[PDB]
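# Structure at a glance
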Amino acid sequence: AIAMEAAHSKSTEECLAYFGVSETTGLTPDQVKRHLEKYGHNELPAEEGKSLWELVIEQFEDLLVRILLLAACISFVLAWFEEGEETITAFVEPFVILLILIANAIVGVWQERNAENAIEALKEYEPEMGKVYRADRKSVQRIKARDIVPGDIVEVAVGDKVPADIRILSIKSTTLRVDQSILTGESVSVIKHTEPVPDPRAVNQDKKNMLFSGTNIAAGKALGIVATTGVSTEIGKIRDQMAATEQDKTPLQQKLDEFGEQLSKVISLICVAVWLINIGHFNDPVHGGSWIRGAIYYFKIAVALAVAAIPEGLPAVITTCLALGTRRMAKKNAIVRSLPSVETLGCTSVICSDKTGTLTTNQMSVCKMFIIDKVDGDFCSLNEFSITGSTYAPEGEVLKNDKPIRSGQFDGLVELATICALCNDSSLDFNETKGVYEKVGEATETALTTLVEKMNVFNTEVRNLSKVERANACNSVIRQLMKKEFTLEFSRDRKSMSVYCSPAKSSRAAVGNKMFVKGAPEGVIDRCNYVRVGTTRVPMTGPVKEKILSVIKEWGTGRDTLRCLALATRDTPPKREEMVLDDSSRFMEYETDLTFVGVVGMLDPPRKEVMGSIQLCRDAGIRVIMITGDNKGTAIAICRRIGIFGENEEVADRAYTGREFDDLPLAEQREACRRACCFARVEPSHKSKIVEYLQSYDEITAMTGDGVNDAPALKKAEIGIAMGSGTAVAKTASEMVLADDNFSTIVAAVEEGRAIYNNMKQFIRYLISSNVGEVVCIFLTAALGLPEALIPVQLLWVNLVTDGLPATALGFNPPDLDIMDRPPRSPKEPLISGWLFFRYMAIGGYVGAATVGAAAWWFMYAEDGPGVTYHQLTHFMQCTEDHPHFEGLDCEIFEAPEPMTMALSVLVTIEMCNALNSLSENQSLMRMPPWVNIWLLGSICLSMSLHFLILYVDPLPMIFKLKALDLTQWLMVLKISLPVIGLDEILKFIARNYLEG
Ligand SMILES: Nc1ncnc2c1ncn2[C@@H]1O[C@H](COP(=O)(O)O)[C@H]2OC3(O[C@H]21)C([N+](=O)[O-])=CC([N+](=O)[O-])C=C3[N+](=O)[O-]
Ligand SMILES: [Mg+2]
Ligand SMILES: [Mg+2]
Ligand code: NA
């Protein structure tokens, strides 16, 4: 018994005992190390996978490979029992088949392993984490879930993942709800308690005092103690049940297997059609005149073709593509959770992004602020100000009219600054490490803390105070004046919050306790009946309200697009008891009969790149919808400002608020979505509905989200996008995660999606095309009787290079060139277009011709070379027998190692040229010089060394039936290959200047 048995049936002390730790200290470095060695890291077994060798063996089991590797033994164990003994070639022949076949598996394992690596390494970008308490310090630590030792103290809050099996110690919140969907199969969140369950053998649905490793905190916060980790996890003892869940294949991978297998069919027919037509040649003297031998040799030709020219692993290539793709993506702060996601991402047609934080920086600060100044019936003067310093740091002055003043010398600004600090839940904190201050709570509010500290409306000291105390200086001071009794926080219905305070130097304070109100101006204003003019209060007249509002609009609608709130108090607050501090609806009741003090106005600029990334979207034909927390006015403004909306365009109907939407009928809602770009003050549901309608127009939609309650809409979206600083519960629902929470990154991701598509297309063209040619060649020698240009072994070598090195080097092609200037790709369109197929044949076929051509040339038009048998090079089987056409031509010439070291000498170089045509799908080599993909270029040279080496190191060429050639002859190779560069080039030009899309 290594595990703590039935903690579900124990008390909190019985659990704090078994390991021995306090919920203040946590596990000491000692016990940390001790449990780390006795129980081990909280993670599954480092499963091995397989060995190279064994995998190679597995690959050696094909119908064709078993057949061929045997059909070569027959022709060898026969070439020994004949009459005419020169056995060396037939001896080494089936062995080379073996060596080559092995080298197939070599690259096989090589590339798959490469694909496997780009999978695992994705997880390095987003490790598992959790909050713990250990003896080190009394603060909250975060660590990788593998670093959690069964025994330490775990902290869980709204949006986190239970990193281990914990027994609940303290329900920090009030109602603890847990998303156990992954294990218990119960999506609906369950409530949790600290009472001990009786039955130790109780089912999960009963152990409602336990939190399971992989379940998600849905509502509230909690503390607990770890009982088991590693494999003994309630989930870990089930993960042995299913190890293989890659159940599903993208419609693209599908469409590809469909086509590629369908090609396998044609490749097979025009294979046993090659062997079949050569039946009258089963009795030739060279075959010892044996039907059996005849069928053996040509059977080798057909099968050898089958084995090479057949597509070795199409589904693998897609994989190679995504692997490599996701690697670049993740490197760009685009963490792609699912694989199919990426394929889809290319087709992204719509992007729903949130303004706050994603489209803007969220560097919250207060730009301007105003208060009433003089009121005389219709005369109403304002006090406009400006506060310098966009930072969260209190390093700025409060200008008035471009001249700095002293906030304190205005009573309006006094009450103002107080409201701020006393309506503030967050505050600041100087950080020593980074050497800067940082928010502590909601940034909206913090910017307020900053303002107060900048205002210093009590002239308190600063320079003599440390940069640590400095941060909460004036704030503390304001707390010294007022005691925060209770708070009535926000509610999207009334749009505000209030606090309640009593004076400092006062014990019997009846008419000394006040109420501080901060909320959106819209509303806060309408519930104001008085206006504070310095330390006075005059009745809140129409005209005043009228002006107040005019400014608020100027600011919000201005080239500053300012989020501004209105601050006010209640001098006549209901009895410290008359308030029932429970019901939200009642809270607005108490927040009436107010005095309007002032209006702050605040900024959170849009990320620099954004403008550009949006303009780009327009180019790539993608649509962009901003969802924001601002009113329609400000939202439209922001939209105009960042290029979502034009400077002058009529947006009347292209932007909605939650309300407006809801006040629409559904048939018209669906209608809106088709042209909407800006949504404001919407509810979490609205997202999902928006997505819905966007689907209804066959849009591929990216949806940003980061809230627990976002999860449904994200999940409904084609591409869910969760923020890196978002709920993990949100991320579990999303297809991709934004490391840098940036809208610009989204856009880059989409671009990458498109580029990957291209690379997939590149690896394909060159594959399929090369192989097309690989067949036509061997079919021509069969359709013309020509002494075959390549023999089985020669062909399997070339193949074993073409799809071995220069092929994989295409996995290193850079992105294309007009990739973003075209409209988004449709998931509906076919993988290989009609024109593309033709392109494949054109090149492919061409390669066969220049393969038999290379032979044809060394004979008929054989310059300075033997043969020169102009006509009837066709029949060569009529030579030993019917030789009245023989003239200075020995028969053993159609068996010369020259036409071979021509065909093959050309093919290998033609494949190099083809590899270069496959840099860009449509873009010329003039626009995309071949010196662009260094790696590919490298493969060429490597391959070239092997070709030379199989011609110049005697063991090789002899065994391969190949004699090297002179320069006067290499010229023919080039003069015969390079025309492909040009042919494809021509074709690309038509695809380019005629069928752009
Ligand atoms: N559905 C909605 N309907 C109306 N207003 C909303 C809505 N959603 C958010 N808001 C308000 O829009 C703002 C968010 O940007 P975003 O990132 O959300 O797009 C939010 O700021 C405050 O109320 C919020 C707020 N608060 O806790 O959330 C507290 C406030 N306070 O009293 O201190 C004031 C808010 N305010 O808007 O004035
Ligand atoms: Mg092949
Ligand atoms: Mg938000
Ligand atoms: Na989803």
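Residues numbered from 1 in each chain as written, not as in the entry; some residues may be left out. Chains lettered and ligands numbered in written order. Heavy atoms only, no water.

Around ligand 1, a shell composed of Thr356, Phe490, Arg492, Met497, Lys518, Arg563, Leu565, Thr628, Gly629, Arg681, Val682 and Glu683 is seen. One of the side-chain nitrogen or oxygen atoms of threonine 356 is found 2.5 Å away from an oxygen atom of ligand 1. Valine 682 is positioned such that a nitrogen or oxygen atom in its backbone is 2.9 Å from a nitrogen atom of ligand 1. A total of 710 Å² of accessible area belongs to ligand 1 in isolation, and the protein chains cover 75% of it. By residue class, the composition of the shell around ligand 1 is four nonpolar, three polar and five charged. Both domains that furnish three or more residues to the shell around ligand 1 are identified here as domain 3 (349-361 + 606-748) and domain 4 (362-605). (Near = heavy atom within 4 Å. Polar contact = N/O pair within 3.5 Å; in protein donor to acceptor, adjacent residues only side chain to side chain. Areas by Shrake-Rupley, 256 points an atom, 1.4 Å probe, with all protein chains shown as cover. Nonpolar A, V, L, I, M, F, W, Y, C, P; charged D, E, K, R; others polar. Domains from an automatic or database assignment.)

All of the protein donors around the sodium ion (ligand 4) are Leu714 (O), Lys715 (O), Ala717 (O), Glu735 (OE) and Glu735 (OE); their distances to the metal are 2.6 to 3.1 Å. Owing to a relative accessible area of 0%, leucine 714 belongs among the buried residues under this scheme. (Donors = N, O, S within 2.8 Å, 3.2 Å for Na, K, Ca; no water. Buried < 20%, exposed > 50% of the residue type's maximum accessible area, 1.4 Å probe, protein only.)

This brings us to the UniProt feature "transmembrane region" (unreviewed entry) in the protein. In the numbering used here, UniProt assigns the "transmembrane region" (unreviewed entry) feature to residues 63-81, 87-110, 263-283, 295-324, 763-784, 836-860 and 934-953. Secondary structure within residues 63-81 divides into 79% helix and 0% strand; the distance between the first and last C-alpha atoms comes to 28 Å. Secondary structure across residues 763-784 divides into 95% helix and 0% strand, with the first and last C-alpha atoms of the span separated by 32 Å. (UniProt positions renumbered as here; feature names shortened; annotations may be inferred. Helix = DSSP H or I, 4+ residues; strand = E, 2+ residues; numbered from the N terminus.)

A few words now on the nonpolar core. One finds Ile100, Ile778, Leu796, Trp797, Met902, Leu936 and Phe960 to be the most contacted residues of the largest nonpolar core, which totals 85 residues. Counting residues per element, this core draws most heavily on helix α28 (residues 900-917), which supplies 12 residues. Residues within four places of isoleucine 100 in sequence aside, it is in contact with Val793, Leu796, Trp797, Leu800 and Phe960. (Core = buried A, V, L, I, M, F, W, Y, C linked by side-chain atoms within 4.5 Å. Contact = heavy atoms within 4.5 Å.)

Counting across every chain of the model gives 24 aromatic pairs. Taking the centre distance of 4.9 Å and the plane angle of 65° together, the rings of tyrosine 18 and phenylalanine 19 count as edge-to-face. Relative accessible area serves as the criterion here: at 43%, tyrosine 18 is assigned to the partly exposed category. Taking relative accessible area as the criterion, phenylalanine 19 reaches 11% and is therefore assigned buried. Look at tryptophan 835 and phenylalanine 838: their rings are 5.7 Å apart centre to centre, the planes differ by 35°, and that puts the pair in the tilted class. Taken as a pair, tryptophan 835 and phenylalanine 838 lie in helix α27 (residues 834-859) at a separation of three residues, close to a single helical turn. (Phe/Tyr/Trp six-rings, centres within 6.5 Å; stacked < 30°, edge-to-face > 60°.)

The next thing to look at is the pattern of salt bridges. Scanning the entire structure with this criterion turns up 45 salt bridges. The residue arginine 328 makes a salt bridge to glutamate 752 at a minimum N-O spacing of 2.9 Å. Placement of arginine 328 in helix α9 (residues 314-331) and of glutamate 752 in helix α25 (residues 743-783) is noted, with a sequence separation of 424 residues between them. Taking relative accessible area as the criterion, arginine 328 reaches 28% and is therefore assigned partly exposed. Since its relative accessible area comes to 5%, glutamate 752 is described here as buried. (Salt bridge = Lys/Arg side-chain N within 4 Å of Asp/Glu carboxyl O.)

This paragraph deals with the side chain of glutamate 445. Residue placement: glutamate 445 occurs in helix α13 (residues 443-455). Since its relative accessible area comes to 12%, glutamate 445 is described here as buried. Side-chain polar atoms of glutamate 445 contact the backbone nitrogen of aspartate 425, separated by 3.4 Å. In this view, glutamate 445 contacts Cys423, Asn424, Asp425, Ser426, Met497 and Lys518; residues no more than four positions away in its chain are not counted.

Glancing now at the domain arrangement of the protein. Each assigned domain of the protein is listed here: domain 1 (1-47 + 127-245), domain 2 (48-126 + 246-348 + 749-997), domain 3 (349-361 + 606-748) and domain 4 (362-605). On a C-alpha basis, the centres of domain 3 and domain 4 stand 31 Å from each other. Where domain 3 abuts domain 4, roughly 1100 Å² becomes buried across the two surfaces, and 44% of that area is made up of carbon and sulfur atoms. Our count for the domain 3 to domain 4 interface comes out at two salt bridges. A salt bridge links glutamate 683 to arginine 492; the shortest N-O distance between them is 2.8 Å. At the surface where domain 3 touches domain 4, the tally comes to nine residue pairs in polar contact. Ranked by residue count, the leading element in the side of domain 3 that touches domain 4 is helix α19 (residues 632-642), at four residues. Here the residues of the side of domain 3 that touches domain 4 sort into four nonpolar, six polar and six charged. (Buried area = accessible area lost by both parts, 1.4 Å probe.)

So, about α25. Every α-helix carries 3.6 residues per turn, so stepping three or four residues along brings you back to the same face. The end-to-end C-alpha distance of α25, which contains 41 residues, comes to 60 Å, matching closely the 60 Å that a straight helix rising 1.5 Å per residue would cover. Capping of α25 at its N-terminal end is provided by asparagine 742; its side-chain oxygen lies 2.7 Å from the backbone amide nitrogen of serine 744. Of the residues one or two after α25, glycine 785 is the one with positive phi, at around 75°. (Expected span 1.5 Å × (residues − 1).)

Turning our eyes to something else, we now look at the state of the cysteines. By definition, a disulfide links the sulfur atoms of two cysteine residues through a covalent bond. For the coordinates displayed, the defined rule picks out one disulfide. With its sulfur 2.0 Å from that of its partner, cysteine 879 forms a disulfide with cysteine 891. On the sign convention where negative is left-handed, the bridge of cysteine 879 and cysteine 891, at about -105° about the S-S bond, is left-handed. With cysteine 879 in the loop between α27 and α28 and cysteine 891 in the loop between α27 and α28, this pair connects stretches of sequence that are 12 residues apart. Just so you know, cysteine 474 is unpaired, no disulfide at all, and the nearest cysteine sulfur is the one on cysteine 420, 12 Å from it. Since its relative accessible area comes to 5%, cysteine 474 is described here as buried. The closest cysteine sulfur to the non-disulfide-bonded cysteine 941 is located on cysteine 913, 13 Å from its own sulfur. (Disulfide = S-S within 2.5 Å.)

We now examine the sheet that holds strand β5 (residues 177-179). Sheet strands pair via backbone hydrogen bonds, and the direction of the pair is either parallel or antiparallel. If you walk across this open sheet you meet the three strands as β6-β5-β8, and the pairing is antiparallel. Here the strands that pair on one side only, and so sit at the sheet edges, are β6 (190-191) and β8 (216-219). Examined bridge by bridge, β5 and β8 share three bridges and lie antiparallel to one another. Bridging from a neighbouring strand, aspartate 179 pairs with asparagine 216 of β8. (Pairing = 2+ DSSP bridges.)

Looking now at the sheet that holds strand β1 (residues 130-133). The sheet built from six strands is open, its strands ordered β2-β1-β3-β9-β4-β7 with antiparallel pairing. Looking along the sheet, the strands with just one partner apiece sit at the ends: β2 (141-143) and β7 (210-211). Across three bridges, β1 lies against strand β3 (residues 153-156) in antiparallel orientation. Bridge assignment links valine 132 to a residue of β3, and that residue is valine 154. Helix-sheet contacts for helix α1 (residues 12-19) involve β3, β4 (165-170) and β9 (222-228), and the interaxial angle to β4 is about 125°. (Axes fitted to C-alpha atoms, helices over the stretch in contact; angles between N-to-C directions.)

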